[PDB]
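K.L.:
Chains as they are written, first to last, in the deposited numbering: chain A, 1 to 288; chain B, 1 to 288.
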Ligand SMILES: [Mn+2]
Ligand SMILES: [Mn+2]
Ligand SMILES: [Mn+2]
Ligand SMILES: [Mn+2]
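1) Any C-beta of chain A sitting closer than 7 Å to the C-beta of residue 121 of chain B?
2) So, using beta-carbon positions, are residue 174 of chain A and residue 260 of chain A closer together than 7 Å?
3) Specify, as a first and last residue, the run of the alpha helix (DSSP H) that residue 22 of chain B falls within.
4) Check whether the Cβ of residue 102 of chain B lies closer than 6 Å to any heavy atom of ligand 3, and answer yes or no.
5) Below 7 Å between beta carbons: does that hold for residue 291 of chain B and residue 267 of chain B?
6) Between which residues of its own chain and residue 98 of chain B is the CB-CB distance below 7 Å, once the five residues before and five after are set aside?
7) Take residue 104 of chain B and list the residues in its own chain whose beta-carbon comes closer than 6 Å to its own, dropping the five residues that flank it on each side.
8) Check whether the Cβ atoms of residue 253 of chain A and residue 241 of chain A lie closer than 7 Å to each other.
9) According to the Cβ coordinates, are residue 4 of chain B and residue 63 of chain A closer than 7 Å?
10) Cα separation between residue 150 of chain B and residue 34 of chain B?
11) If you follow the alpha helix (DSSP H) that residue 29 of chain B is part of, which residue opens it and which one closes it?
12) Tell me whether residue 94 of chain B counts as near ligand 4, meaning its Cβ is closer than 6 Å to at least one heavy atom of that ligand.
13) Put residue 231 of chain B into one of helix, strand or coil per three-state DSSP.
14) Within the 7 Å Cβ cut-off, does residue 75 of chain A reach chain B?
15) Please identify, using Cβ separations under 8 Å, the residues of the stretch 6-27 of chain A that lie next to chain B, in order along the chain.
16) Examine ligand 1 and report whether any of its heavy atoms sits within less than 6 Å of the Cβ of residue 252 of chain B.
17) For a contact meaning CB atoms closer than 8 Å, what does residue 258 of chain A contact in chain B?
18) Please list, in chain order, all residues of the same chain as residue 84 of chain A whose beta carbon is under 8 Å from its beta carbon, the five residues on each side excluded.
19) Does residue 148 of chain B pass the burial test, meaning 16 or more other C-beta atoms within 10 Å, or should it be called exposed?
20) Under the rule that 16 or more other beta-carbon atoms within 10 Å means buried, what is residue 162 of chain B, buried or exposed?
21) Beta-carbon distances below 5 Å to any heavy atom of ligand 4 define the shell here; list its residues in chain order, please.
22) Anything in the stretch 102-126 of chain A with a Cβ closer than 9 Å to a Cβ of chain B? List those residues in chain order, please.
23) Which class does residue 139 of chain A belong to by DSSP, given the choice of helix, strand or coil?
24) Nearest to residue 45 of chain B by alpha carbon, out of B:280, B:272 and B:243?
25) Does the Cβ of residue 62 of chain A lie closer than 6 Å to at least one heavy atom of ligand 1?
26) Would you say residue 84 of chain B reaches chain A, if we count a Cβ-Cβ gap shorter than 7 Å as a contact?
27) Assign residue 117 of chain B to one of three DSSP states: helix, strand, or coil.
28) Which runs of the alpha helix (DSSP H) spanning at least 4 residues fall entirely within the stretch 120-174 of chain A, listed in chain order?
29) For residue 94 of chain B, would you say it is in contact with chain A, using Cβ-to-Cβ distances shorter than 7 Å as the test?
30) Does the distance from the C-beta atom of residue 140 of chain B to that of residue 153 of chain B stay below 7 Å?
31) Shorter than 7 Å from the beta carbon of residue 180 of chain B to some beta carbon of chain A?
32) Please specify which runs of the alpha helix (DSSP H), each continuous and at least 4 residues long, are wholly inside the stretch 187-270 of chain B, giving them in chain order.
33) Along the alpha helix (DSSP H) that carries residue 56 of chain A, what are the first and last residues, could you check?
34) Using the beta-carbon count (16 or more within 10 Å), is residue 276 of chain B buried or exposed?
35) Quick one: what's got a C-beta closer than 6 Å to residue 293 of chain B's C-beta in the same chain, skipping five residues either side?
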């Protein structure tokens with residue numbers, strides 16, 4: 001049985017991603033968010049509710065990526081160096097999820113927080129979207145998997161990392177780009193820096209598997225991929241309508257969702273499916 | 001679907017272990033080991049071979065714990081806070097595994113390193129012991145697991161964490177306690193500090209599951225755990241004879257194995273099975 005041997009490279013990229021994960025390491029104790037209270041209380045009731053709801057959704061996606069998406073993909077890799085990278089990325093999703101709790105503690109009472117998590121658990125669109133992604137992961141709960149199954153779990157993972165988070169990341173960035181909730185915005189920026197490398201790395205692993213599939217299997221997963229993209233898009237459009245109508249931002253968020261969907265396709269080596277539009281300028285300032 | 005909510009504790013211990021994992025965070029870049037070359041060359045060929053072989057075995061065990069033991073147990077754990085802790089522990093196993101490669105780079109040529117990893121992969125006792133442990137993990141590759149299956153995976157995990165590593169950790173500690181290979185010894189001591197908390201934590205989780213089992217299931221797993229302890233012990237005694245007879249340390253290592261087996265049992269809430277014997281004084285100095 002093989003031990004991981006970093007003296008003999010298994011690919012040309014795992015070492016660089018391993019080092020970059022670690023170079024980017026952080027935890028929530030590094031960013032105090034109490035100073036956000038001054039701008040939090042200036043938000044309207046509707047703005048505050050939207051913020052808490054999107055944070056709840058982000059927490060769900062990180063919970064499932066750390067607890068299903070990374071572990072179940074990694075188990076089925078033959079490349080022990082790439083497995084190492086995914087184990088660390090999965091741990092970072094748990095750091096991310098805990099950081100949302102750290103933000104919540106400043107922004108809400110204990111009772112308000114538990115309300116948000118009950119709203120998350122019972123939310124039908126969050127249940128639907130998480131169910132779609134995790135179905136690909138849970139297919140891997142068996143000793144022998146096909147390359148089509150593993151590839152599609154990697155596609156679902158890239159779509160979570162590079163696409164499904166972004167209807168939520170929009171609002172912390174949009175507020176921070178205006179000088180509101182800037183400390184929480186700094187945390188979200190650290191999370192995004194991690195998710196961006198996660199999506200690139202899993203997309204590299206997916207492209208490697210794709211190249212090994214027969215032409216017939218390639219056709220089949222290309223179809224599944226394009227269908228999954230649009231199945232998720234329909235849910236995302238319903239989610240943005242629900243969250244952002246009250247604050248007048250639906251079309252701006254939708255534009256941001258499409259921009260990030262294109263990035264996820266690119267991470268898989270695929271052509272964009274939505275027209276190119278420039279990112280919202282305030283969001284761009286929030287990333288700065 | 002539920003998101004992890006650290007504002008509502010799921011148990012009385014996961015937060016403390018989460019914080020301690022992180023407090024103990026380290027990577028190999030932090031300890032240069034080039035200065036160990038001066039004492040490395042003082043060793044005989046037999047001492048050097050033993051050292052490289054035991055590090056190879058340690059690397060194998062950490063590879064399997066990061067790539068199978070932590071991910072498959074955590075996937076099936078219901079408690080989302082404890083799941084978070086296990087994800088971090090699994091990532092640390094990959095840090096540990098990579099740190100062995102860092103030691104190897106100082107102590108051996110590229111060709112010698114690849115020969116050690118071939119010796120690991122073909123080794124019959126390493127294959128047997130790793131296969132015994134991973135057979136319990138691989139039983140968890142199914143959509144839903146029984147509590148007996150999950151408990152036995154946690155037992156196997158504690159036995160790896162608290163027991164199987166120690167026939168290997170002996171030698172770096174013994175040499176470091178004589179002032180030899182002290183930089184590598186410092187790394188091993190950081191690894192041990194992590195494995196000790198890993199074994200305590202998984203043992204807490206195991207005791208919780210055990211107490212939820214029916215009486216008939218408890219009787220079954222109690223017997224299986226005692227058999228497993230002694231099945232592994234027979235293999236360990238063959239391993240120590242093979243590795244350490246050339247350098248006269250077999251009985252010393254065996255005493256250390258029994259000492260650590262007792263600690264594994266205690267981590268599971270079980271009584272010691274081996275006579276108490278005081279720790280070797282040189283090893284004790286290497287831990288200091
Ligand atoms: Mn994340
Ligand atoms: Mn991620
Ligand atoms: Mn370890
Ligand atoms: Mn461990």
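Even for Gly, the Cβ is constructed at its ideal location relative to N, Cα and C.
P.N.:
By the coordinates alone:
1) At least one chain A Cβ lies under 7 Å of residue 121 of chain B.
2) With respect to the 7 Å criterion, residue 174 of chain A and residue 260 of chain A are not classified as neighbours on the basis of their beta carbons.
3) 14-23 is the span of the alpha helix (DSSP H), which, as asked, contains residue 22 of chain B.
4) Taking non-hydrogen atoms of ligand 3 into account, the C-beta of residue 102 of chain B is found less than 6 Å away from none of them.
5) Because chain B here runs from 1 to 288, residue 291 of chain B falls outside it and cannot be looked at.
6) So the list reads 28, once near-sequence residues are dropped.
7) These residues qualify, in order along the chain: 113.
8) No.
9) One thing to note: residue 4 of chain B has its Cβ within 7 Å of the Cβ of residue 63 of chain A.
10) Distance between the alpha carbons of residue 150 of chain B and residue 34 of chain B is about 43 Å.
11) Premise fails: residue 29 of chain B is in no alpha helix (DSSP H) and is neither H nor E.
12) Not one heavy atom of ligand 4 lies closer than 6 Å to the C-beta of residue 94 of chain B.
13) Residue 231 of chain B carries a helical assignment under DSSP once its states are collapsed to helix, strand and coil.
14) Chain B, which has a Cβ nearer than 7 Å to the Cβ of residue 75 of chain A, makes this yes.
15) Within the stretch 6-27 of chain A, the qualifying residues are 6, 7, 8, 18, 22, 25 and 27.
16) False, no ligand heavy atom lies under 6 Å from that Cβ.
17) For residue 258 of chain A, no chain B residue has a C-beta closer than 8 Å to its own C-beta; the minimum C-beta separation is roughly 25 Å.
18) Excluding sequence neighbours, residue 84 of chain A sits near 4, 14 and 18.
19) With 16 or more other Cβ atoms within 10 Å, it is buried.
20) Around the CB of residue 162 of chain B, 16 or more other CB atoms lie within 10 Å, so the residue is classed as buried.
21) My final list is B:161, B:195 and B:198.
22) Taking 9 Å as the Cβ-Cβ cut-off against chain B, the residues of the stretch 102-126 of chain A that qualify are 102, 104, 105, 108, 110, 113, 114, 116, 117, 120, 121, 123 and 126.
23) Note: residue 139 of chain A maps to coil in three-state DSSP.
24) It is B:243 whose Cα lies nearest to the Cα of residue 45 of chain B.
25) At least one heavy atom of ligand 1 is nearer than 6 Å to the Cβ of residue 62 of chain A, so yes.
26) Residue-level contact check: residue 84 of chain B touches chain A, since one or more beta carbons of chain A fall below 7 Å from its beta carbon.
27) Here residue 117 of chain B carries a helix assignment [DSSP, helix/strand/coil].
28) If one requires a minimum length of 4 residues, the alpha helix (DSSP H) runs lying completely within the stretch 120-174 of chain A are 124-138 and 147-159, in chain order.
29) Chain A contact via Cβ: present.
30) Taking C-beta atoms as the reference points, residue 140 of chain B and residue 153 of chain B count as a pair closer than 7 Å.
31) No, because no Cβ of chain A sits closer than 7 Å to the Cβ of residue 180 of chain B.
32) Those alpha helix (DSSP H) runs which fall completely within the stretch 187-270 of chain B and span 4+ residues are 215-244 and 250-267.
33) Per DSSP, residue 56 of chain A belongs to the alpha helix (DSSP H) from 45-64.
34) Residue environment: residue 276 of chain B is assigned as exposed (fewer than 16 neighbouring CB atoms within 10 Å of its CB, all protein chains considered).
35) Nothing can be reported for residue 293 of chain B: it is not among the residues displayed for chain B, which extend from 1 to 288.
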